[PDB]
Every structure is written in structure tokens, then in C-alpha cells.
file run-v4.txt (compact mmCIF, N, CA and C atoms)
# COMPACT_ATOMS: atom_id res chain seq x y z
N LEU A 1 10.17 1.76 -0.14
CA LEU A 1 9.70 2.25 1.16
C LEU A 1 8.17 2.22 1.16
N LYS A 2 7.60 1.67 2.23
CA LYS A 2 6.18 1.78 2.48
C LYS A 2 6.03 2.68 3.69
N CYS A 3 5.16 3.67 3.59
CA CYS A 3 4.93 4.52 4.74
C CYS A 3 3.49 4.44 5.19
N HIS A 4 3.24 4.59 6.49
CA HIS A 4 1.88 4.84 6.96
C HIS A 4 1.36 6.16 6.41
N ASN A 5 0.15 6.15 5.86
CA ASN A 5 -0.30 7.34 5.16
C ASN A 5 -1.72 7.68 5.47
N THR A 6 -2.27 7.07 6.51
CA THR A 6 -3.53 7.52 7.08
C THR A 6 -3.27 7.77 8.57
N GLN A 7 -4.31 7.92 9.39
CA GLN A 7 -4.10 8.01 10.85
C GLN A 7 -4.12 6.62 11.49
N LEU A 8 -4.55 5.63 10.72
CA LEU A 8 -4.83 4.29 11.22
C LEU A 8 -3.69 3.35 10.87
N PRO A 9 -3.61 2.17 11.52
CA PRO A 9 -2.32 1.47 11.63
C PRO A 9 -1.89 0.46 10.54
N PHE A 10 -2.78 0.01 9.66
CA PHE A 10 -2.34 -0.96 8.65
C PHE A 10 -2.52 -0.52 7.19
N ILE A 11 -2.99 0.71 6.98
CA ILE A 11 -3.04 1.29 5.64
C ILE A 11 -1.70 2.02 5.38
N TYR A 12 -0.99 1.53 4.38
CA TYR A 12 0.26 2.12 3.96
C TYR A 12 0.35 2.13 2.45
N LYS A 13 1.02 3.15 1.92
CA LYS A 13 1.28 3.27 0.50
C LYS A 13 2.77 3.22 0.28
N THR A 14 3.14 2.64 -0.85
CA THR A 14 4.53 2.54 -1.27
C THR A 14 4.97 3.88 -1.84
N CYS A 15 6.10 4.36 -1.33
CA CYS A 15 6.53 5.71 -1.64
C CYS A 15 7.13 5.82 -3.05
N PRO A 16 6.73 6.87 -3.80
CA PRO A 16 7.25 7.28 -5.11
C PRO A 16 8.77 7.32 -5.10
N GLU A 17 9.37 7.33 -6.29
CA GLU A 17 10.83 7.20 -6.40
C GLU A 17 11.61 8.32 -5.74
N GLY A 18 11.13 9.54 -5.89
CA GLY A 18 11.76 10.65 -5.21
C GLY A 18 11.74 10.46 -3.70
N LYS A 19 10.60 10.03 -3.18
CA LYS A 19 10.33 10.11 -1.75
C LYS A 19 11.08 9.02 -1.01
N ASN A 20 11.75 9.39 0.07
CA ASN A 20 12.54 8.42 0.82
C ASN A 20 12.41 8.56 2.32
N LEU A 21 11.37 9.28 2.71
CA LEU A 21 11.20 9.72 4.08
C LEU A 21 9.70 9.63 4.36
N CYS A 22 9.35 8.87 5.39
CA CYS A 22 7.99 8.89 5.92
C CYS A 22 7.98 10.02 6.91
N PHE A 23 6.89 10.77 6.96
CA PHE A 23 6.77 11.79 7.99
C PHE A 23 5.50 11.52 8.79
N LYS A 24 5.40 12.13 9.96
CA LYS A 24 4.22 12.01 10.78
C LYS A 24 4.02 13.39 11.38
N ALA A 25 2.88 14.01 11.10
CA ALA A 25 2.58 15.33 11.64
C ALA A 25 1.65 15.24 12.84
N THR A 26 1.97 16.05 13.83
CA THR A 26 1.49 15.89 15.18
C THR A 26 1.12 17.29 15.67
N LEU A 27 -0.06 17.41 16.26
CA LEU A 27 -0.53 18.70 16.73
C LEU A 27 0.39 19.17 17.85
N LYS A 28 1.10 20.26 17.57
CA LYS A 28 1.94 20.95 18.55
C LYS A 28 1.23 21.20 19.90
N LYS A 29 0.36 22.20 19.94
CA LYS A 29 0.00 22.82 21.22
C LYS A 29 -1.08 22.11 22.02
N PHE A 30 -1.42 20.89 21.60
CA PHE A 30 -2.49 20.13 22.22
C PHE A 30 -2.43 18.66 21.87
N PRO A 31 -2.21 17.79 22.87
CA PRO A 31 -1.90 16.36 22.69
C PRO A 31 -3.04 15.50 22.13
N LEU A 32 -2.71 14.62 21.18
CA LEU A 32 -3.72 13.89 20.40
C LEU A 32 -3.33 12.42 20.30
N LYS A 33 -4.31 11.53 20.27
CA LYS A 33 -4.05 10.10 20.21
C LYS A 33 -3.65 9.58 18.82
N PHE A 34 -4.03 10.29 17.77
CA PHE A 34 -3.75 9.86 16.40
C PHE A 34 -3.09 11.02 15.67
N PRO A 35 -2.21 10.75 14.70
CA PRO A 35 -1.48 11.82 14.02
C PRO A 35 -2.41 12.67 13.16
N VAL A 36 -1.96 13.87 12.81
CA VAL A 36 -2.75 14.76 11.98
C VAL A 36 -2.52 14.44 10.51
N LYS A 37 -1.31 14.03 10.18
CA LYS A 37 -0.89 13.73 8.80
C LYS A 37 0.11 12.57 8.85
N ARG A 38 0.26 11.85 7.75
CA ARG A 38 1.27 10.78 7.64
C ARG A 38 1.46 10.50 6.16
N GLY A 39 2.70 10.47 5.69
CA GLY A 39 2.93 10.22 4.28
C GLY A 39 4.40 10.05 3.94
N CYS A 40 4.71 10.08 2.64
CA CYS A 40 6.08 10.13 2.14
C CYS A 40 6.53 11.57 1.97
N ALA A 41 7.84 11.73 1.94
CA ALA A 41 8.47 13.03 1.76
C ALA A 41 9.80 12.83 1.02
N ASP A 42 10.16 13.84 0.22
CA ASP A 42 11.50 13.96 -0.33
C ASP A 42 12.47 14.54 0.70
N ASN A 43 12.15 15.75 1.17
CA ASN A 43 12.86 16.41 2.27
C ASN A 43 11.92 16.44 3.48
N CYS A 44 12.47 16.17 4.66
CA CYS A 44 11.68 16.21 5.87
C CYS A 44 11.18 17.62 6.10
N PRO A 45 9.86 17.79 6.28
CA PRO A 45 9.23 19.11 6.28
C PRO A 45 9.49 19.84 7.58
N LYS A 46 9.67 21.15 7.50
CA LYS A 46 9.89 21.93 8.70
C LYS A 46 8.61 22.08 9.49
N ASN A 47 8.77 22.19 10.81
CA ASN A 47 7.66 22.49 11.71
C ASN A 47 6.99 23.79 11.27
N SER A 48 5.68 23.90 11.50
CA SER A 48 4.98 25.17 11.33
C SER A 48 4.39 25.63 12.66
N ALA A 49 3.43 26.55 12.60
CA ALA A 49 2.77 27.04 13.80
C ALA A 49 1.97 25.95 14.52
N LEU A 50 1.12 25.26 13.77
CA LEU A 50 0.19 24.26 14.31
C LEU A 50 0.84 22.88 14.50
N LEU A 51 1.61 22.46 13.50
CA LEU A 51 2.05 21.07 13.35
C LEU A 51 3.56 20.84 13.54
N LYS A 52 3.85 19.72 14.19
CA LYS A 52 5.19 19.27 14.53
C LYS A 52 5.52 18.04 13.66
N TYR A 53 6.51 18.16 12.78
CA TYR A 53 6.91 17.07 11.89
C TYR A 53 8.10 16.28 12.40
N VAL A 54 8.11 15.00 12.04
CA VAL A 54 9.11 14.04 12.49
C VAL A 54 9.17 12.97 11.41
N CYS A 55 10.37 12.62 10.98
CA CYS A 55 10.54 11.77 9.81
C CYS A 55 11.41 10.57 10.14
N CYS A 56 11.35 9.55 9.31
CA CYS A 56 12.24 8.43 9.45
C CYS A 56 12.45 7.81 8.06
N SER A 57 13.29 6.79 7.97
CA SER A 57 13.79 6.36 6.68
C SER A 57 13.66 4.86 6.48
N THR A 58 12.57 4.32 6.98
CA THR A 58 12.51 2.90 7.21
C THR A 58 11.05 2.53 7.03
N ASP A 59 10.83 1.39 6.38
CA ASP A 59 9.49 0.93 6.06
C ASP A 59 8.59 1.00 7.30
N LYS A 60 7.45 1.66 7.14
CA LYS A 60 6.40 1.57 8.14
C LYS A 60 6.83 2.12 9.48
N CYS A 61 7.60 3.19 9.46
CA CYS A 61 8.17 3.71 10.69
C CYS A 61 7.45 4.93 11.22
N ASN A 62 6.52 5.45 10.43
CA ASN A 62 5.80 6.66 10.83
C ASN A 62 4.49 6.42 11.58
N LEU B 1 21.40 25.14 11.34
CA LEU B 1 20.64 24.18 12.13
C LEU B 1 21.42 23.86 13.40
N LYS B 2 20.82 24.20 14.54
CA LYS B 2 21.27 23.77 15.85
C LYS B 2 20.49 22.53 16.27
N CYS B 3 21.20 21.44 16.53
CA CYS B 3 20.58 20.25 17.11
C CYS B 3 21.12 19.99 18.49
N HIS B 4 20.31 19.37 19.35
CA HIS B 4 20.83 18.80 20.58
C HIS B 4 21.76 17.66 20.23
N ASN B 5 22.87 17.55 20.96
CA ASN B 5 23.90 16.55 20.64
C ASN B 5 24.33 15.76 21.85
N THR B 6 23.70 16.03 22.98
CA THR B 6 24.05 15.36 24.23
C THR B 6 22.82 14.71 24.85
N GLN B 7 23.02 14.11 26.01
CA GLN B 7 21.96 13.37 26.68
C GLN B 7 21.06 14.33 27.45
N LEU B 8 21.53 15.56 27.62
CA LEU B 8 20.84 16.54 28.46
C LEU B 8 20.12 17.57 27.60
N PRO B 9 19.24 18.38 28.22
CA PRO B 9 18.18 19.08 27.48
C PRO B 9 18.61 20.35 26.75
N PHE B 10 19.78 20.87 27.11
CA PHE B 10 20.19 22.15 26.59
C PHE B 10 21.28 22.10 25.52
N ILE B 11 22.43 21.52 25.85
CA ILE B 11 23.61 21.58 24.99
C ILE B 11 23.31 21.26 23.50
N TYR B 12 23.71 22.17 22.61
CA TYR B 12 23.46 22.01 21.18
C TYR B 12 24.71 22.35 20.36
N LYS B 13 24.78 21.86 19.13
CA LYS B 13 25.86 22.24 18.24
C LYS B 13 25.26 22.90 17.01
N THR B 14 26.05 23.76 16.39
CA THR B 14 25.75 24.20 15.04
C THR B 14 26.13 23.06 14.10
N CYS B 15 25.14 22.54 13.40
CA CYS B 15 25.38 21.43 12.51
C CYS B 15 26.32 21.84 11.37
N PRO B 16 27.33 20.99 11.08
CA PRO B 16 28.31 21.23 10.03
C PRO B 16 27.64 21.44 8.67
N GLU B 17 28.29 22.23 7.82
CA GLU B 17 27.71 22.61 6.54
C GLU B 17 27.27 21.37 5.76
N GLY B 18 25.99 21.35 5.38
CA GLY B 18 25.44 20.25 4.62
C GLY B 18 24.90 19.09 5.47
N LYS B 19 24.67 19.32 6.76
CA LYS B 19 23.94 18.36 7.58
C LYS B 19 22.68 19.05 8.03
N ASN B 20 21.61 18.90 7.26
CA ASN B 20 20.43 19.69 7.54
C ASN B 20 19.27 18.89 8.11
N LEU B 21 19.63 17.87 8.90
CA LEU B 21 18.68 17.08 9.71
C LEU B 21 19.20 16.96 11.14
N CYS B 22 18.33 17.15 12.13
CA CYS B 22 18.59 16.64 13.49
C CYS B 22 18.03 15.23 13.70
N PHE B 23 18.76 14.38 14.42
CA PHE B 23 18.21 13.08 14.79
C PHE B 23 18.17 12.81 16.29
N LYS B 24 17.31 11.87 16.67
CA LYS B 24 17.13 11.45 18.05
C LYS B 24 16.97 9.94 17.99
N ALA B 25 17.93 9.23 18.58
CA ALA B 25 17.88 7.78 18.71
C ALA B 25 17.31 7.39 20.07
N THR B 26 16.31 6.52 20.05
CA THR B 26 15.73 6.01 21.29
C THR B 26 15.93 4.48 21.35
N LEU B 27 15.88 3.91 22.55
CA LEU B 27 15.84 2.45 22.70
C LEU B 27 14.54 1.87 22.14
N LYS B 28 14.67 1.08 21.07
CA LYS B 28 13.54 0.56 20.32
C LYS B 28 12.52 -0.17 21.19
N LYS B 29 13.02 -0.82 22.22
CA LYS B 29 12.16 -1.66 23.05
C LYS B 29 11.34 -0.84 24.07
N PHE B 30 12.00 -0.30 25.09
CA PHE B 30 11.33 0.02 26.35
C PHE B 30 10.98 1.52 26.49
N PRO B 31 10.17 1.89 27.52
CA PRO B 31 9.70 3.26 27.80
C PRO B 31 10.73 4.19 28.44
N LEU B 32 11.89 4.31 27.82
CA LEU B 32 12.84 5.34 28.19
C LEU B 32 12.57 6.55 27.30
N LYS B 33 11.69 7.43 27.75
CA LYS B 33 11.40 8.62 26.97
C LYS B 33 12.54 9.62 27.15
N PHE B 34 13.69 9.25 26.61
CA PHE B 34 14.87 10.11 26.63
C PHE B 34 15.92 9.50 25.72
N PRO B 35 16.70 10.36 25.06
CA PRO B 35 17.45 9.92 23.89
C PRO B 35 18.79 9.31 24.26
N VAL B 36 19.14 8.28 23.52
CA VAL B 36 20.38 7.56 23.70
C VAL B 36 21.48 8.21 22.84
N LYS B 37 21.08 8.85 21.74
CA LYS B 37 21.98 9.57 20.85
C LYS B 37 21.22 10.71 20.19
N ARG B 38 21.81 11.90 20.15
CA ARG B 38 21.37 12.95 19.25
C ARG B 38 22.57 13.57 18.55
N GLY B 39 22.30 14.28 17.46
CA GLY B 39 23.35 14.98 16.74
C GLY B 39 22.80 15.50 15.43
N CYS B 40 23.67 15.70 14.45
CA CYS B 40 23.26 16.10 13.11
C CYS B 40 23.38 14.92 12.15
N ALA B 41 22.56 14.93 11.11
CA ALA B 41 22.50 13.81 10.20
C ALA B 41 22.53 14.34 8.78
N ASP B 42 23.21 13.63 7.89
CA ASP B 42 23.17 13.93 6.46
C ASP B 42 21.87 13.40 5.88
N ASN B 43 21.73 12.08 5.88
CA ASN B 43 20.50 11.40 5.55
C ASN B 43 20.01 10.77 6.83
N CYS B 44 18.70 10.59 6.96
CA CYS B 44 18.19 10.13 8.24
C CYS B 44 18.47 8.65 8.42
N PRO B 45 19.17 8.30 9.51
CA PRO B 45 19.62 6.93 9.76
C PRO B 45 18.48 5.92 9.78
N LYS B 46 18.77 4.72 9.29
CA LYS B 46 17.84 3.59 9.37
C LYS B 46 17.73 3.11 10.81
N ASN B 47 16.63 2.45 11.11
CA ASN B 47 16.45 1.82 12.40
C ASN B 47 17.51 0.75 12.55
N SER B 48 17.98 0.57 13.78
CA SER B 48 18.99 -0.45 14.08
C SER B 48 18.44 -1.56 15.00
N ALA B 49 19.25 -2.59 15.21
CA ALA B 49 18.90 -3.71 16.06
C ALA B 49 18.22 -3.27 17.35
N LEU B 50 18.75 -2.21 17.96
CA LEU B 50 18.32 -1.81 19.30
C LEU B 50 17.84 -0.36 19.44
N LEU B 51 18.17 0.48 18.46
CA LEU B 51 17.75 1.88 18.47
C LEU B 51 16.70 2.10 17.40
N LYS B 52 15.77 3.00 17.65
CA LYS B 52 14.91 3.55 16.59
C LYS B 52 15.26 5.02 16.37
N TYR B 53 15.56 5.40 15.14
CA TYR B 53 15.94 6.79 14.85
C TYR B 53 14.78 7.64 14.29
N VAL B 54 14.94 8.95 14.37
CA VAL B 54 13.85 9.87 14.11
C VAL B 54 14.48 11.24 13.87
N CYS B 55 14.13 11.87 12.76
CA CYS B 55 14.73 13.12 12.31
C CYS B 55 13.73 14.26 12.16
N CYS B 56 14.19 15.50 12.29
CA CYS B 56 13.36 16.66 12.02
C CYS B 56 14.27 17.76 11.51
N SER B 57 13.72 18.86 11.00
CA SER B 57 14.53 19.79 10.24
C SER B 57 14.43 21.27 10.63
N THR B 58 14.12 21.54 11.89
CA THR B 58 14.21 22.89 12.43
C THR B 58 15.20 22.92 13.59
N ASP B 59 15.67 24.11 13.95
CA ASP B 59 16.58 24.25 15.07
C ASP B 59 16.01 23.63 16.35
N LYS B 60 16.80 22.70 16.90
CA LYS B 60 16.64 22.19 18.25
C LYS B 60 15.37 21.39 18.39
N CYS B 61 14.95 20.76 17.31
CA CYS B 61 13.71 20.02 17.29
C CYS B 61 13.85 18.60 17.85
N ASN B 62 15.05 18.22 18.30
CA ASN B 62 15.32 16.80 18.60
C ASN B 62 15.51 16.51 20.09
call {"tool": "encode", "arguments": {"input": "run-v4.txt", "output": "C-alpha cells"}}
result
Amino acid sequence: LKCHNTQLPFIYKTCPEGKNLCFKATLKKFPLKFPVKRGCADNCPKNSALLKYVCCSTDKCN
Amino acid sequence: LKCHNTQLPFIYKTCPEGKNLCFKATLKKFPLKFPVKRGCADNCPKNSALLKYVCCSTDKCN
């Protein structure tokens, strides 16, 4: 799996063996053009106060 | 985990024991900002020919 791991569109890192989920963190209460976070995950992370998480299981899908 | 499981904004199910992801399938191509499939997921589904899938892990996040 390769995931997007910056805010920008062609930098991606190959995910460690545990990790099988790209996530993308997105500012909840105020709309933004670029994500706040992007990386690999083992378990898809729960939403918090500030940030809204969304995951997928496919190369370069975040 | 309660996920939306229908095409409409309210109806949700209690996800069966051991399905701790909600998913939302959208039409991969066009600007239909509304889901073609939602429900509970064991592992987050891969992208398909025509749908793009997307998972999250809090109640009713999909």
C-alpha cells in the first residue's frame, strides 16, 4: 500500500507491514482546501473534537 | 457502532458484533455527493470498477 502522506498530491510513502489503511484528517468545524493530516493506519482512527477521520484500503486513495 | 445503512440521512443500524467500521460507497466518476451504499464493514472495502469506498470508526460517521 502507498498512501498520500503530506497535504500535497504526489508525495506518498509505502505503508509499513502492520498498516493497511490510509487515512485523511479533515478540519471538522471549518472547511479547508487541503487535509490536516494524511498517512497510514493499522486501525482507522476515531474522530476527535477538531478533526474528522476517513480511511480507505487502496493505494493512493487518501 | 451505529452506521447509516440506507440512501437517506437518518436510518441507521447497530453494527453486528465485530464490524467496527462504517462505510460509504460513492460513484467513482461523477459529482453525486450522496451515497450509493452504506452499512457496516469488517475490513474496509477496496475501490471497485465504479464505486469508491470510504470508512470511518465512530457512530453515524458515514
call {"tool": "closest_atom_pairs", "arguments": {"input": "run-v4.txt", "of": "region 2-62 of chain A", "to": "region 44-50 of chain B", "cutoff": "6.5 Å", "atoms": "only N, CA and C atoms", "output": "JSON lines"}}
result
{"residue": "A:56", "atom": "C", "partner": "B:44", "partner_atom": "C", "distance": 6.1}
{"residue": "A:57", "atom": "C", "partner": "B:46", "partner_atom": "CA", "distance": 5.2}
{"residue": "A:58", "atom": "CA", "partner": "B:47", "partner_atom": "N", "distance": 5.7}
call {"tool": "atom_distance", "arguments": {"input": "run-v4.txt", "atom1": "CA of residue 14 (chain A)", "atom2": "atom C of residue 52 (chain B)"}}
result
20.8 Å
call {"tool": "closest_residue", "arguments": {"input": "run-v4.txt", "among": "A:27, A:9, A:33, A:59", "to": "chain B", "atoms": "all atoms listed in the file"}}
result
A:59
call {"tool": "atom_distance", "arguments": {"input": "run-v4.txt", "atom1": "CA of residue 53 (chain A)", "atom2": "CA of residue 29 (chain B)"}}
result
22.4 Å
call {"tool": "axis_aligned_box", "arguments": {"input": "run-v4.txt", "around": "region 33-46 of chain A", "padding_each_side": "3 Å", "output": "lines of an AutoDock Vina configuration file"}}
result
center_x = 4.3
center_y = 15.8
center_z = 10.0
size_x = 23.2
size_y = 18.5
size_z = 26.6
call {"tool": "atom_distance", "arguments": {"input": "run-v4.txt", "atom1": "atom C of residue 22 (chain B)", "atom2": "atom C of residue 7 (chain B)"}}
result
14.1 Å
call {"tool": "select_by_dssp", "arguments": {"input": "run-v4.txt", "residues": "region 7-58 of chain B", "states": "strand (DSSP E or B)", "output": "ChimeraX atom specification"}}
result
/B:12-14,21-27,37-41,51-52,55-56
call {"tool": "closest_residue", "arguments": {"input": "run-v4.txt", "among": "A:8, A:61, A:16, A:1", "to": "residue 34 (chain A)", "atoms": "only N, CA and C atoms"}}
result
A:8
call {"tool": "closest_residue", "arguments": {"input": "run-v4.txt", "among": "B:5, B:15, B:55, B:36", "to": "chain A", "atoms": "only N, CA and C atoms"}}
result
B:55
call {"tool": "residues_around", "arguments": {"input": "run-v4.txt", "residues": "residue 41 (chain B)", "least_positions_apart": "4", "cutoff": "7 Å", "atoms": "only C-alpha atoms", "output": "compact mmCIF listing (two decimals) with N, CA and C atoms, keeping the file's coordinate frame"}}
result
# COMPACT_ATOMS: atom_id res chain seq x y z
N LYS B 19 24.67 19.32 6.76
CA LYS B 19 23.94 18.36 7.58
C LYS B 19 22.68 19.05 8.03
N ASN B 20 21.61 18.90 7.26
CA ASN B 20 20.43 19.69 7.54
C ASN B 20 19.27 18.89 8.11
N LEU B 21 19.63 17.87 8.90
CA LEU B 21 18.68 17.08 9.71
C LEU B 21 19.20 16.96 11.14
N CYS B 22 18.33 17.15 12.13
CA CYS B 22 18.59 16.64 13.49
C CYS B 22 18.03 15.23 13.70
N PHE B 23 18.76 14.38 14.42
CA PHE B 23 18.21 13.08 14.79
C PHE B 23 18.17 12.81 16.29
call {"tool": "closest_residue", "arguments": {"input": "run-v4.txt", "among": "A:18, A:43, A:10, A:4", "to": "chain B", "atoms": "only N, CA and C atoms"}}
result
A:43
call {"tool": "build_atoms", "arguments": {"input": "run-v4.txt", "residues": "region 8-33 of chain B", "atoms": "N, CA, C and O atoms", "output": "PDB file, keeping the file's coordinate frame"}}
result
ATOM      1  N   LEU B   8      21.530  15.560  27.620  1.00  0.00           N
ATOM      2  CA  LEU B   8      20.840  16.540  28.460  1.00  0.00           C
ATOM      3  C   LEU B   8      20.120  17.570  27.600  1.00  0.00           C
ATOM      4  O   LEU B   8      20.397  17.696  26.406  1.00  0.00           O
ATOM      5  N   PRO B   9      19.240  18.380  28.220  1.00  0.00           N
ATOM      6  CA  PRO B   9      18.180  19.080  27.480  1.00  0.00           C
ATOM      7  C   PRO B   9      18.610  20.350  26.750  1.00  0.00           C
ATOM      8  O   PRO B   9      17.893  20.871  25.889  1.00  0.00           O
ATOM      9  N   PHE B  10      19.780  20.870  27.110  1.00  0.00           N
ATOM     10  CA  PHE B  10      20.190  22.150  26.590  1.00  0.00           C
ATOM     11  C   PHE B  10      21.280  22.100  25.520  1.00  0.00           C
ATOM     12  O   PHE B  10      21.051  22.542  24.393  1.00  0.00           O
ATOM     13  N   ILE B  11      22.430  21.520  25.850  1.00  0.00           N
ATOM     14  CA  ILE B  11      23.610  21.580  24.990  1.00  0.00           C
ATOM     15  C   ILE B  11      23.310  21.260  23.500  1.00  0.00           C
ATOM     16  O   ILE B  11      22.721  20.228  23.172  1.00  0.00           O
ATOM     17  N   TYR B  12      23.710  22.170  22.610  1.00  0.00           N
ATOM     18  CA  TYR B  12      23.460  22.010  21.180  1.00  0.00           C
ATOM     19  C   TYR B  12      24.710  22.350  20.360  1.00  0.00           C
ATOM     20  O   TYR B  12      25.657  22.933  20.881  1.00  0.00           O
ATOM     21  N   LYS B  13      24.780  21.860  19.130  1.00  0.00           N
ATOM     22  CA  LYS B  13      25.860  22.240  18.240  1.00  0.00           C
ATOM     23  C   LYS B  13      25.260  22.900  17.010  1.00  0.00           C
ATOM     24  O   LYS B  13      24.062  22.757  16.735  1.00  0.00           O
ATOM     25  N   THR B  14      26.050  23.760  16.390  1.00  0.00           N
ATOM     26  CA  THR B  14      25.750  24.200  15.040  1.00  0.00           C
ATOM     27  C   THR B  14      26.130  23.060  14.100  1.00  0.00           C
ATOM     28  O   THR B  14      27.243  22.530  14.158  1.00  0.00           O
ATOM     29  N   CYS B  15      25.140  22.540  13.400  1.00  0.00           N
ATOM     30  CA  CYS B  15      25.380  21.430  12.510  1.00  0.00           C
ATOM     31  C   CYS B  15      26.320  21.840  11.370  1.00  0.00           C
ATOM     32  O   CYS B  15      26.177  22.915  10.780  1.00  0.00           O
ATOM     33  N   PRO B  16      27.330  20.990  11.080  1.00  0.00           N
ATOM     34  CA  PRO B  16      28.310  21.230  10.030  1.00  0.00           C
ATOM     35  C   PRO B  16      27.640  21.440   8.670  1.00  0.00           C
ATOM     36  O   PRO B  16      26.528  20.956   8.427  1.00  0.00           O
ATOM     37  N   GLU B  17      28.290  22.230   7.820  1.00  0.00           N
ATOM     38  CA  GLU B  17      27.710  22.610   6.540  1.00  0.00           C
ATOM     39  C   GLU B  17      27.270  21.370   5.760  1.00  0.00           C
ATOM     40  O   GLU B  17      27.991  20.372   5.723  1.00  0.00           O
ATOM     41  N   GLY B  18      25.990  21.350   5.380  1.00  0.00           N
ATOM     42  CA  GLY B  18      25.440  20.250   4.620  1.00  0.00           C
ATOM     43  C   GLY B  18      24.900  19.090   5.470  1.00  0.00           C
ATOM     44  O   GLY B  18      24.686  17.995   4.944  1.00  0.00           O
ATOM     45  N   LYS B  19      24.670  19.320   6.760  1.00  0.00           N
ATOM     46  CA  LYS B  19      23.940  18.360   7.580  1.00  0.00           C
ATOM     47  C   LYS B  19      22.680  19.050   8.030  1.00  0.00           C
ATOM     48  O   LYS B  19      22.675  19.758   9.037  1.00  0.00           O
ATOM     49  N   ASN B  20      21.610  18.900   7.260  1.00  0.00           N
ATOM     50  CA  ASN B  20      20.430  19.690   7.540  1.00  0.00           C
ATOM     51  C   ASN B  20      19.270  18.890   8.110  1.00  0.00           C
ATOM     52  O   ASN B  20      18.115  19.315   8.016  1.00  0.00           O
ATOM     53  N   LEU B  21      19.630  17.870   8.900  1.00  0.00           N
ATOM     54  CA  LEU B  21      18.680  17.080   9.710  1.00  0.00           C
ATOM     55  C   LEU B  21      19.200  16.960  11.140  1.00  0.00           C
ATOM     56  O   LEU B  21      20.386  16.692  11.342  1.00  0.00           O
ATOM     57  N   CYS B  22      18.330  17.150  12.130  1.00  0.00           N
ATOM     58  CA  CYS B  22      18.590  16.640  13.490  1.00  0.00           C
ATOM     59  C   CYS B  22      18.030  15.230  13.700  1.00  0.00           C
ATOM     60  O   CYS B  22      16.917  14.941  13.275  1.00  0.00           O
ATOM     61  N   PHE B  23      18.760  14.380  14.420  1.00  0.00           N
ATOM     62  CA  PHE B  23      18.210  13.080  14.790  1.00  0.00           C
ATOM     63  C   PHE B  23      18.170  12.810  16.290  1.00  0.00           C
ATOM     64  O   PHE B  23      18.797  13.504  17.077  1.00  0.00           O
ATOM     65  N   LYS B  24      17.310  11.870  16.670  1.00  0.00           N
ATOM     66  CA  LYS B  24      17.130  11.450  18.050  1.00  0.00           C
ATOM     67  C   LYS B  24      16.970   9.940  17.990  1.00  0.00           C
ATOM     68  O   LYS B  24      16.125   9.433  17.254  1.00  0.00           O
ATOM     69  N   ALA B  25      17.930   9.230  18.580  1.00  0.00           N
ATOM     70  CA  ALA B  25      17.880   7.780  18.710  1.00  0.00           C
ATOM     71  C   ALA B  25      17.310   7.390  20.070  1.00  0.00           C
ATOM     72  O   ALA B  25      17.696   7.930  21.116  1.00  0.00           O
ATOM     73  N   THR B  26      16.310   6.520  20.050  1.00  0.00           N
ATOM     74  CA  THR B  26      15.730   6.010  21.290  1.00  0.00           C
ATOM     75  C   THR B  26      15.930   4.480  21.350  1.00  0.00           C
ATOM     76  O   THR B  26      16.244   3.844  20.342  1.00  0.00           O
ATOM     77  N   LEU B  27      15.880   3.910  22.550  1.00  0.00           N
ATOM     78  CA  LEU B  27      15.840   2.450  22.700  1.00  0.00           C
ATOM     79  C   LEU B  27      14.540   1.870  22.140  1.00  0.00           C
ATOM     80  O   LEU B  27      13.465   2.056  22.706  1.00  0.00           O
ATOM     81  N   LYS B  28      14.670   1.080  21.070  1.00  0.00           N
ATOM     82  CA  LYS B  28      13.540   0.560  20.320  1.00  0.00           C
ATOM     83  C   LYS B  28      12.520  -0.170  21.190  1.00  0.00           C
ATOM     84  O   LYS B  28      11.342  -0.263  20.836  1.00  0.00           O
ATOM     85  N   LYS B  29      13.020  -0.820  22.220  1.00  0.00           N
ATOM     86  CA  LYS B  29      12.160  -1.660  23.050  1.00  0.00           C
ATOM     87  C   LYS B  29      11.340  -0.840  24.070  1.00  0.00           C
ATOM     88  O   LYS B  29      10.167  -0.575  23.834  1.00  0.00           O
ATOM     89  N   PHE B  30      12.000  -0.300  25.090  1.00  0.00           N
ATOM     90  CA  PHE B  30      11.330   0.020  26.350  1.00  0.00           C
ATOM     91  C   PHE B  30      10.980   1.520  26.490  1.00  0.00           C
ATOM     92  O   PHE B  30      11.457   2.340  25.706  1.00  0.00           O
ATOM     93  N   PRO B  31      10.170   1.890  27.520  1.00  0.00           N
ATOM     94  CA  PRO B  31       9.700   3.260  27.800  1.00  0.00           C
ATOM     95  C   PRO B  31      10.730   4.190  28.440  1.00  0.00           C
ATOM     96  O   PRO B  31      10.456   4.840  29.457  1.00  0.00           O
ATOM     97  N   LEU B  32      11.890   4.310  27.820  1.00  0.00           N
ATOM     98  CA  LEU B  32      12.840   5.340  28.190  1.00  0.00           C
ATOM     99  C   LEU B  32      12.570   6.550  27.300  1.00  0.00           C
ATOM    100  O   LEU B  32      13.045   6.607  26.160  1.00  0.00           O
ATOM    101  N   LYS B  33      11.690   7.430  27.750  1.00  0.00           N
ATOM    102  CA  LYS B  33      11.400   8.620  26.970  1.00  0.00           C
ATOM    103  C   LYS B  33      12.540   9.620  27.150  1.00  0.00           C
ATOM    104  O   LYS B  33      12.417  10.621  27.880  1.00  0.00           O
TER     105      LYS B  33
END
